[PDB]
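First comes one chain, alone, set out as structure tokens in the form deposited without the named molecule.
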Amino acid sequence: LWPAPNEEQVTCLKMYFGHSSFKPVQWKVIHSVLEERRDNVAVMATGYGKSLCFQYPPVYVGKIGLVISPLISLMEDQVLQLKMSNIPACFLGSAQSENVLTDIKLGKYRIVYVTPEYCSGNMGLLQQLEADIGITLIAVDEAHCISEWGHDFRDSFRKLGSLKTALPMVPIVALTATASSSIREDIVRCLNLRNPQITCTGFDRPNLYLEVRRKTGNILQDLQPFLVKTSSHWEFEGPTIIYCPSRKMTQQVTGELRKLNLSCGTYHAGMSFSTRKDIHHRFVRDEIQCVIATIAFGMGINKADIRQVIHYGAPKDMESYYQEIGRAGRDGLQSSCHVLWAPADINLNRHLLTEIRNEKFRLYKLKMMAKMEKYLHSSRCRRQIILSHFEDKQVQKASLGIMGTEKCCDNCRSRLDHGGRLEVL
């Protein structure tokens, strides 16, 4: 099996990350990378704690961890989070001053974030860091982008195959969002991984109740059920994210909420570092109750006690949907995730697909639209449908205790209300 962490390892976790213990799969990955120096492909679900797997090992041994990712604003967010935890880190690119390069060469930075493009164009730097400081691990986030069948293919990822040539002694952790075998096979081949440890957290978030409801024709009438009149004003029942498919719909939703004097903020791709910091401050401290968002990552919506998620409009696809609802209930307490949709929603509109150029991509949008619509229309357990997608296999109901109970999803709750059976075994 896997040996337990030692005292020094647990002390370092507490000192720098604020956690009393590792989660099981975090430990499997960290032990494998840190103590067995083994390549890893790790599938980690929402809010499990994926970042610890590449941030912890270089902090523990005092060397460099290289993190490769296309998501620049997210890397900036992570650098700030690390700095606030007394861990030095930086985002290294072309614009960087000469002096930051010398600081990295002297080992100032425990975690170095780079884009795929920067990484591919500076292998000599990495070899110098490897020889002078030592690289504990290379983390490739979004590693599915190196696959054509990963549907987010990035040509910038193709040249990551040189990593194992240039740095044969350095273990690579590849992080991906589903347990798909065809994606895993492409990651292993394109990253030249050697006998990697494969791990999967599984995907369930049992404290997230799932519900789907049709739009009624007016924004306030749609959102009213989620509101409570505390004497003198309206409020959401608790902290809420409303996901919208476009900035235009975001502005529509925001205008209606301001008719009720509800405190809210918006959250979009492209917001400055200072803007994302300010939203993070206001949301965490509950100075705004609701964030209306067109993106599902970044510090702005990083809050432990989000009680309600509302998709205002059909979600884009199962993967975006899962990541979006996963921002809810990070504290483990009960939360709800509601989709409000109509057949006319833009994410269900096949007539918008006629003008996209790539046939293989358009067939994917078609299949994903079809899958999302089938989910939204279903009378069956919502949680089973989602879990089956991410496991890449039919998940059977009652492989999990939440499934089939009143808190599982609207369709399970309805079947129980209509004299259904409660699966004592």
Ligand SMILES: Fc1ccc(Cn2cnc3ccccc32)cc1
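The first residue of the sequence shown is number 1, and the count goes up from there.
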item: Missing-residue flag, residue 76, threshold a third of other entries; value: no
item: Gap at residue 261 across at least one third of the other PDB entries; value: no
item: Mean C-alpha temperature factor, higher of 212-220 and 121-129; value: 121-129
item: Stretch with the higher entry mean CA B-factor, where the candidates are 68-76 and 139-147; value: 139-147
item: Which of 398, 370, 52, 43 ranks first by CA B-factor in the deposited coordinates; value: 398
item: Identity of residue with top Cα B-factor, from 275, 86, 207, 294; value: 86
item: Ranked against its chain, the third holding the CA B-factor of residue 390; value: middle
item: B-factor third for the C-alpha atom of residue 30 within its chain; value: lowest
item: For residue 323, the third of its chain into which the C-alpha B factor falls; value: lowest
item: Chain thirds of CA B-factor: placement of residue 57; value: middle
item: Modelled-residue ranking by C-alpha temperature factor, third containing residue 236; value: middle
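Keep in mind that the form solved in complex with the named molecule is not shown, yet the notes after this line are about it.
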item	value
Open vs blocked, site of the named molecule as found in the deposited complex, superimposed, 2.4 Å to backbone or C-beta	blocked
In the deposited complex, the one of 318, 123, 87, 212 near the named molecule [non-hydrogen atom within 4.5 angstroms]	318
Single option in 64, 34, 376, 43 placed near the named molecule in the deposited complex, where near means a heavy atom within 4.5 Å	43
Candidate spot 223, 226 and 344, all three touching the named molecule in the deposited complex (heavy atom, 4.5 Å)	no
In the deposited complex, residue 200 touching the named molecule (heavy atom, 4.5 Å)	yes
Close approach of residue 177 to the named molecule in the deposited complex, 4.5 Å, heavy atom	yes
Any non-hydrogen atom of residue 400 within 4.5 angstroms of the named molecule in the deposited complex	no
4.5 Å heavy atom contact, residue 59 to the named molecule in the deposited complex	no
Contact segment among 319-327, 281-289, 214-222, 89-97, judged by heavy atoms lying within 4.5 Å of the named molecule in the deposited complex	319-327
Within 218-250, the residues that have a heavy atom no more than 4.5 Å from the named molecule in the deposited complex	none
Outcome for the Cα pair residue 204, residue 399 in the deposited complex, compared with this form (closer or farther; change of 3 Å or more)	closer
Direction of C-alpha distance change in the deposited complex, residue 206 to residue 399 (at least 3 Å)	closer
